[PDB]
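With TSV, C-alpha atoms inside, this is input_3.tsv:
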```
chain	number	residue	atom	x	y	z
A	92	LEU	CA	55.41	118.89	-114.11
A	93	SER	CA	55.23	117.27	-110.68
A	94	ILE	CA	54.97	119.50	-107.60
A	95	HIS	CA	58.62	118.59	-106.91
A	96	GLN	CA	59.74	119.87	-110.31
A	97	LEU	CA	57.54	122.98	-109.98
A	98	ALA	CA	59.34	123.70	-106.70
A	99	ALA	CA	62.80	122.93	-108.18
A	100	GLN	CA	62.18	125.25	-111.11
A	101	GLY	CA	60.58	128.11	-109.10
A	102	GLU	CA	57.27	127.82	-110.95
A	103	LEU	CA	55.57	129.33	-107.91
A	104	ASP	CA	52.22	130.29	-109.45
A	105	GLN	CA	51.75	126.70	-110.62
A	106	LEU	CA	52.99	125.33	-107.28
A	107	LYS	CA	50.42	127.46	-105.37
A	108	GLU	CA	47.65	126.10	-107.61
A	109	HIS	CA	48.69	122.48	-106.94
A	110	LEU	CA	48.69	123.19	-103.18
A	111	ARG	CA	45.32	125.06	-103.18
A	112	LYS	CA	43.54	122.56	-100.86
A	113	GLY	CA	46.22	123.10	-98.17
A	114	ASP	CA	46.45	119.54	-96.80
A	115	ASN	CA	49.61	117.47	-96.24
A	116	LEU	CA	50.48	117.53	-99.98
A	117	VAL	CA	53.03	120.26	-99.13
A	118	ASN	CA	55.19	117.56	-97.47
A	119	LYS	CA	54.64	114.87	-100.13
A	120	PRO	CA	57.79	112.78	-100.60
A	121	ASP	CA	58.81	111.81	-104.14
A	122	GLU	CA	60.32	108.39	-104.96
A	123	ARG	CA	63.63	109.26	-103.23
A	124	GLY	CA	61.85	110.89	-100.27
A	125	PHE	CA	62.47	114.49	-101.39
A	126	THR	CA	59.87	117.07	-100.46
A	127	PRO	CA	59.06	120.11	-102.61
A	128	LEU	CA	61.03	122.17	-100.07
A	129	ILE	CA	64.15	120.02	-100.51
A	130	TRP	CA	63.96	120.51	-104.28
A	131	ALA	CA	63.50	124.29	-104.00
A	132	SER	CA	66.32	124.49	-101.47
A	133	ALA	CA	68.70	122.46	-103.66
A	134	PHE	CA	68.06	124.81	-106.59
A	135	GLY	CA	68.38	128.08	-104.61
A	136	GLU	CA	64.77	129.08	-105.32
A	137	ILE	CA	64.47	131.59	-102.47
A	138	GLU	CA	60.93	132.87	-103.13
A	139	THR	CA	59.63	129.32	-103.43
A	140	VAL	CA	61.43	128.33	-100.20
A	141	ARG	CA	59.89	131.33	-98.40
A	142	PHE	CA	56.42	130.43	-99.67
A	143	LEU	CA	56.75	126.79	-98.63
A	144	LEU	CA	58.05	127.66	-95.15
A	145	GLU	CA	55.31	130.24	-94.60
A	146	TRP	CA	52.71	127.71	-95.81
A	147	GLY	CA	54.09	125.43	-93.08
A	148	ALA	CA	56.23	122.93	-95.02
A	149	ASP	CA	58.18	120.71	-92.64
A	150	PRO	CA	61.87	121.68	-93.04
A	151	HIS	CA	63.16	118.73	-90.95
A	152	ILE	CA	62.15	115.92	-93.33
A	153	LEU	CA	64.93	113.65	-94.50
A	154	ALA	CA	64.98	111.86	-97.84
A	155	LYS	CA	65.77	108.14	-98.24
A	156	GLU	CA	69.55	108.58	-97.83
A	157	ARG	CA	69.13	111.25	-95.13
A	158	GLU	CA	69.42	114.24	-97.48
A	159	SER	CA	67.91	117.41	-95.99
A	160	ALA	CA	66.88	120.81	-97.26
A	161	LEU	CA	69.66	122.33	-95.14
A	162	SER	CA	72.46	120.15	-96.50
A	163	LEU	CA	71.37	120.56	-100.11
A	164	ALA	CA	71.10	124.34	-99.74
A	165	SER	CA	74.54	124.41	-98.07
A	166	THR	CA	76.02	122.26	-100.85
A	167	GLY	CA	74.93	124.91	-103.35
A	168	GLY	CA	76.16	127.78	-101.14
A	169	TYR	CA	72.65	129.21	-100.83
A	170	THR	CA	73.31	131.34	-97.73
A	171	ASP	CA	69.94	133.07	-97.69
A	172	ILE	CA	68.03	129.79	-97.91
A	173	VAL	CA	70.30	128.34	-95.17
A	174	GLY	CA	69.32	131.30	-92.97
A	175	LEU	CA	65.61	130.79	-93.68
A	176	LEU	CA	65.82	127.12	-92.73
A	177	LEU	CA	67.79	127.83	-89.55
A	178	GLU	CA	65.13	130.34	-88.47
A	179	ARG	CA	62.78	127.32	-88.48
A	180	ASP	CA	65.00	125.47	-85.95
A	181	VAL	CA	66.36	122.77	-88.24
A	182	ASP	CA	69.27	120.72	-86.92
A	183	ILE	CA	72.33	122.72	-88.00
A	184	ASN	CA	74.54	119.64	-87.61
A	185	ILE	CA	72.33	117.19	-89.49
A	186	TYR	CA	74.32	114.13	-90.59
A	187	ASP	CA	73.58	112.07	-93.71
A	188	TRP	CA	75.06	108.77	-94.91
A	189	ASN	CA	77.20	110.39	-97.63
A	190	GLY	CA	79.23	111.32	-94.52
A	191	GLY	CA	78.68	115.05	-94.06
A	192	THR	CA	76.95	117.95	-92.37
A	193	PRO	CA	75.86	121.37	-93.65
A	194	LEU	CA	79.16	122.91	-92.54
A	195	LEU	CA	81.21	120.19	-94.26
A	196	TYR	CA	79.25	120.68	-97.50
A	197	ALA	CA	79.62	124.47	-97.40
A	198	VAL	CA	83.37	124.10	-96.87
A	199	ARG	CA	83.71	121.45	-99.61
A	200	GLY	CA	82.07	123.82	-102.15
A	201	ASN	CA	84.23	126.79	-101.09
A	202	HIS	CA	81.07	128.63	-100.05
A	203	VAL	CA	82.53	131.36	-97.86
A	204	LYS	CA	79.32	133.23	-97.01
A	205	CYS	CA	77.46	130.02	-96.21
A	206	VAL	CA	80.31	128.83	-93.94
A	207	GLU	CA	80.16	132.24	-92.21
A	208	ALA	CA	76.39	131.95	-91.69
A	209	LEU	CA	76.55	128.40	-90.37
A	210	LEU	CA	79.31	129.31	-87.88
A	211	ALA	CA	77.47	132.48	-86.77
A	212	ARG	CA	74.57	130.22	-85.83
A	213	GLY	CA	76.80	127.84	-83.88
A	214	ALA	CA	77.44	124.92	-86.25
A	215	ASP	CA	79.88	122.41	-84.70
A	216	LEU	CA	83.42	122.75	-86.07
A	217	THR	CA	84.69	119.62	-84.33
A	218	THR	CA	82.45	117.18	-86.20
A	219	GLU	CA	84.46	115.06	-88.66
A	220	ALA	CA	83.19	113.77	-91.96
A	221	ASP	CA	83.04	109.96	-92.18
A	222	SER	CA	86.23	110.32	-94.26
A	223	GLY	CA	87.91	111.64	-91.08
A	224	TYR	CA	88.32	115.25	-92.22
A	225	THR	CA	87.05	118.12	-90.05
A	226	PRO	CA	85.77	121.26	-91.80
A	227	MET	CA	89.10	122.98	-91.08
A	228	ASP	CA	91.01	119.90	-92.32
A	229	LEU	CA	89.11	120.17	-95.63
A	230	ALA	CA	89.63	123.91	-95.98
A	231	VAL	CA	93.36	123.51	-95.31
A	232	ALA	CA	93.84	120.45	-97.57
A	233	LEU	CA	91.92	122.08	-100.45
A	234	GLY	CA	93.69	125.45	-100.09
A	235	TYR	CA	90.45	127.36	-99.54
A	236	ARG	CA	92.14	130.23	-97.77
A	237	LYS	CA	89.20	132.57	-97.26
A	238	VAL	CA	87.16	129.68	-95.83
A	239	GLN	CA	90.16	128.94	-93.59
A	240	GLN	CA	90.23	132.60	-92.44
A	241	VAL	CA	86.48	132.61	-91.69
A	242	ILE	CA	86.91	129.45	-89.60
A	243	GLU	CA	89.91	131.00	-87.83
A	244	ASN	CA	87.95	134.16	-86.99
A	245	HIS	CA	85.14	132.08	-85.55
A	246	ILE	CA	87.56	129.96	-83.49
A	247	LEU	CA	89.01	133.22	-82.08
A	248	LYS	CA	85.57	134.26	-80.81
A	249	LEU	CA	84.94	130.87	-79.19
A	250	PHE	CA	87.77	131.52	-76.72
A	251	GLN	CA	87.75	135.34	-76.26
A	252	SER	CA	85.16	137.84	-74.98
B	2	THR	CA	62.35	120.39	-118.80
B	3	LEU	CA	63.00	118.08	-115.83
B	4	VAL	CA	65.97	119.16	-113.65
B	5	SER	CA	68.35	116.81	-111.87
B	6	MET	CA	68.78	116.88	-108.08
B	7	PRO	CA	72.43	117.76	-107.38
B	8	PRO	CA	74.52	115.22	-105.44
B	9	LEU	CA	75.89	115.80	-101.95
B	10	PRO	CA	79.64	116.05	-102.60
B	11	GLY	CA	82.29	113.59	-101.39
B	12	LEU	CA	84.11	114.85	-98.30
B	13	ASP	CA	87.55	113.86	-99.30
B	14	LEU	CA	90.01	115.41	-101.71
B	15	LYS	CA	89.07	113.31	-104.77
B	16	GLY	CA	88.81	115.55	-107.86
B	17	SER	CA	89.89	118.69	-105.92
```
What do you get writing this file as structure tokens?
Amino acid sequence: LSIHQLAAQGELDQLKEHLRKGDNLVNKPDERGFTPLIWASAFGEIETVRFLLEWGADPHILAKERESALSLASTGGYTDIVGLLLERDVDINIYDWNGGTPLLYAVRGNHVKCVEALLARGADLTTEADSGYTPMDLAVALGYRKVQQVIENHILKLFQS
Amino acid sequence: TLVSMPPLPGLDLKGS
């Protein structure tokens, strides 16, 4: 398996062996521009994500259509991975050409805890998808009532001590 | 075993 697939599948012992030399191979893009970290993030492989970040993998890298580790983790509702990436100062509002942001993806997947985490770290609630929907618009239109409540509780705090 | 990168979802209401 490629290093990308080793990362995706959480084959960490094998991944460590491939990386042994410790050069820029950690950030190697595949044919679509995905790094091992993006693959691990997209599959919720927390231990592999932790290892890659601690090794020094660049969490900011965008793939060929602007996909990021943060947006793919958020799409899958992987709150703990989202938190790990945000501790490395990734752009919480990263936009990609599919039209979204981490917050939009977390809302679209009904990922309550991930929405909560993104808002707690200051993700922008005003930013519309290219489709014209804000995160609240999506939550309301889709009937995701707990997501709606989480958004409402955050909005409360924005305007009150 | 070669796993497939998930898509970023559409941000409209298509497919609910």
Contacts from chain A to chain B, 7 Å maximum, only C-alpha atoms: show me the residue list as a PyMOL selection string.
chain A and resi 96+163+166+191+196+199+220+222+233
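A straight line drawn from atom CA of residue A:127 to atom CA of residue A:161 is 13.2 Å long.
Atom pair atom CA of residue A:186 / atom CA of residue A:159: separated by 9.0 Å.
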By how many Å are atom CA of residue A:192 and atom CA of residue A:115 apart?
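Between these atoms lies a distance of 27.6 Å.
With only C-alpha atoms as the basis for measurement, A:170 is the residue among A:170, A:139, A:105, A:244 that approaches residue A:209 most closely.
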Using the incomplete input, complete stretch 163-175 of chain A to the level of N, CA, C and O atoms; output as a PDB file, in the frame of the given file.
```pdb
ATOM      1  N   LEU A 163      71.366 120.302 -98.678  1.00  0.00           N
ATOM      2  CA  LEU A 163      71.370 120.560-100.110  1.00  0.00           C
ATOM      3  C   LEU A 163      71.519 122.055-100.407  1.00  0.00           C
ATOM      4  O   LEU A 163      72.201 122.433-101.352  1.00  0.00           O
ATOM      5  N   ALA A 164      70.920 122.903 -99.572  1.00  0.00           N
ATOM      6  CA  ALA A 164      71.100 124.340 -99.740  1.00  0.00           C
ATOM      7  C   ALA A 164      72.568 124.704 -99.477  1.00  0.00           C
ATOM      8  O   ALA A 164      73.162 125.508-100.208  1.00  0.00           O
ATOM      9  N   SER A 165      73.164 124.096 -98.448  1.00  0.00           N
ATOM     10  CA  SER A 165      74.540 124.410 -98.070  1.00  0.00           C
ATOM     11  C   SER A 165      75.507 123.962 -99.156  1.00  0.00           C
ATOM     12  O   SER A 165      76.497 124.650 -99.453  1.00  0.00           O
ATOM     13  N   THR A 166      75.223 122.794 -99.737  1.00  0.00           N
ATOM     14  CA  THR A 166      76.020 122.260-100.850  1.00  0.00           C
ATOM     15  C   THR A 166      76.106 123.251-101.999  1.00  0.00           C
ATOM     16  O   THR A 166      77.161 123.415-102.614  1.00  0.00           O
ATOM     17  N   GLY A 167      74.988 123.933-102.266  1.00  0.00           N
ATOM     18  CA  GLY A 167      74.930 124.910-103.350  1.00  0.00           C
ATOM     19  C   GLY A 167      75.342 126.315-102.930  1.00  0.00           C
ATOM     20  O   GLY A 167      75.350 127.238-103.764  1.00  0.00           O
ATOM     21  N   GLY A 168      75.691 126.483-101.656  1.00  0.00           N
ATOM     22  CA  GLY A 168      76.160 127.780-101.140  1.00  0.00           C
ATOM     23  C   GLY A 168      75.062 128.805-100.978  1.00  0.00           C
ATOM     24  O   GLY A 168      75.336 130.017-100.969  1.00  0.00           O
ATOM     25  N   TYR A 169      73.823 128.325-100.853  1.00  0.00           N
ATOM     26  CA  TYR A 169      72.650 129.210-100.830  1.00  0.00           C
ATOM     27  C   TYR A 169      72.413 129.793 -99.430  1.00  0.00           C
ATOM     28  O   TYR A 169      71.527 129.356 -98.700  1.00  0.00           O
ATOM     29  N   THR A 170      73.243 130.772 -99.066  1.00  0.00           N
ATOM     30  CA  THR A 170      73.310 131.340 -97.730  1.00  0.00           C
ATOM     31  C   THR A 170      71.962 131.845 -97.233  1.00  0.00           C
ATOM     32  O   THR A 170      71.605 131.642 -96.070  1.00  0.00           O
ATOM     33  N   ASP A 171      71.216 132.502 -98.110  1.00  0.00           N
ATOM     34  CA  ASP A 171      69.940 133.070 -97.690  1.00  0.00           C
ATOM     35  C   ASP A 171      68.917 131.981 -97.382  1.00  0.00           C
ATOM     36  O   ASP A 171      68.173 132.073 -96.403  1.00  0.00           O
ATOM     37  N   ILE A 172      68.910 130.933 -98.191  1.00  0.00           N
ATOM     38  CA  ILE A 172      68.030 129.790 -97.910  1.00  0.00           C
ATOM     39  C   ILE A 172      68.466 129.070 -96.606  1.00  0.00           C
ATOM     40  O   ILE A 172      67.622 128.690 -95.778  1.00  0.00           O
ATOM     41  N   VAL A 173      69.778 128.907 -96.418  1.00  0.00           N
ATOM     42  CA  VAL A 173      70.300 128.340 -95.170  1.00  0.00           C
ATOM     43  C   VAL A 173      69.756 129.136 -93.978  1.00  0.00           C
ATOM     44  O   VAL A 173      69.276 128.549 -92.999  1.00  0.00           O
ATOM     45  N   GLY A 174      69.801 130.464 -94.073  1.00  0.00           N
ATOM     46  CA  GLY A 174      69.320 131.300 -92.970  1.00  0.00           C
ATOM     47  C   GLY A 174      67.836 131.100 -92.722  1.00  0.00           C
ATOM     48  O   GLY A 174      67.403 131.032 -91.570  1.00  0.00           O
ATOM     49  N   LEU A 175      67.049 131.018 -93.799  1.00  0.00           N
ATOM     50  CA  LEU A 175      65.610 130.790 -93.680  1.00  0.00           C
ATOM     51  C   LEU A 175      65.305 129.486 -92.964  1.00  0.00           C
ATOM     52  O   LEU A 175      64.442 129.426 -92.075  1.00  0.00           O
TER      53      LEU A 175
END
```
